[PDB]
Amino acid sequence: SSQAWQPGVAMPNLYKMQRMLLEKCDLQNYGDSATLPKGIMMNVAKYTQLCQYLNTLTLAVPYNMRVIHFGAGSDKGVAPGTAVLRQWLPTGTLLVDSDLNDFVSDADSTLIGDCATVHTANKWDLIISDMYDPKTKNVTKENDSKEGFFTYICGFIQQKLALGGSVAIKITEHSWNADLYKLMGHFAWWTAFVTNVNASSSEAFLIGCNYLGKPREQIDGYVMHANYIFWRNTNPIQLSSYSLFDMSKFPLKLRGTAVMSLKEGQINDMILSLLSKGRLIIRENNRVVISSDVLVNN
């Protein structure tokens, strides 16, 4: 594990190609803990390593980039992950976050409520989700694909992610969705990324890199989650905070990626190739407008 100086470990391609049956996740390093730098919260460390890994991918980074962050609240009432995203993203990036429960945030705008109540007029260049329901961690019943906020996320990606855009969606052994894995085949590339600080957990971020709006690959999400658990079960990851101590190249490079409005008929193979290399975003460039539905009763 020269992996210990990386921000984390991405699922190796050969594991994605297997056809494993789903098993219980049993991590060798379960219960071990990384020693975090003095006074640093796990969620700051975790998001820092996620962003350090995203720095290695062909993310589209336009001017006036638009980023939305679901599950951004904490039981502490603050938003550590949003604070890391704002540190990472270029100055002037529009950052919106959201959570079921009230919290105080550094985002440009914050919506409180179930994510299913959230609607946006505009499309987005990057979607981050840390949403998680601890009730899913029920080891005594079958581990089937989960709906809930995953259904919202799948629709939100398909309806409101700009072509060329990217996502990072938190999953665990029990918090996962087959359609979301299938949607990973609608990006130019995808992986499941495990942070080195939280490697003792079955958590991963499902990352779709450069959205193409159509299936590039057909993925069976039940098989792929089994493949993910098999990888985790057979590849212990050494807990590590090493990458947190070198922040000199942390900020996301502002690439000024071109943004174009194009109708479905003009997305040819040459456009698809630019999208696939992180060189193009396809969306409108009007105002960012968001809202949360409020149910009225007595």
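Start at 1 with the first residue shown and count on from there.
Could you settle it for me: does 260 to 268 or 234 to 242 have the higher average Cα B factor in the PDB entry?
Going by the record's values, the stretch with the higher mean is 260 to 268.
Could you check the entry and say whether 106 to 114 or 134 to 142 has the higher mean CA B-factor?
Mean CA B-factor is higher for 134 to 142.
Return the residue from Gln28, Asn43, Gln49, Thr56 that has the highest Cα B-factor in the entry.
Reading the PDB entry, the winner on C-alpha B-factor is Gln28.
Pick out which of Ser166, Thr191, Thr172, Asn122 has the highest C-alpha B-factor in the PDB entry.
Each of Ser166, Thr191, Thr172, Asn122 was compared by C-alpha B-factor; the highest is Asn122.
By the record's CA B-factor, is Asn196 among the lowest, middle or highest third of residues in the chain?
Lowest third.
By the recorded C-alpha temperature factor, relative to the other modelled residues in its chain, which third is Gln159 in?
Ranked within chain, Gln159 CA B lands in the highest tercile.
Where does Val9 sit by CA temperature factor within its chain: lowest, middle or highest third?
Lowest third.
Taking the values exactly as deposited, rank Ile290 by C-alpha B-factor within its chain and report the matching third: lowest, middle or highest.
Lowest third.
According to the PDB entry, is the CA B factor of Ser74 in the bottom, middle or top third of its chain, that is, lowest, middle or highest?
Its C-alpha B-factor, which the entry lists for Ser74, ranks in the highest third among residues of this chain.
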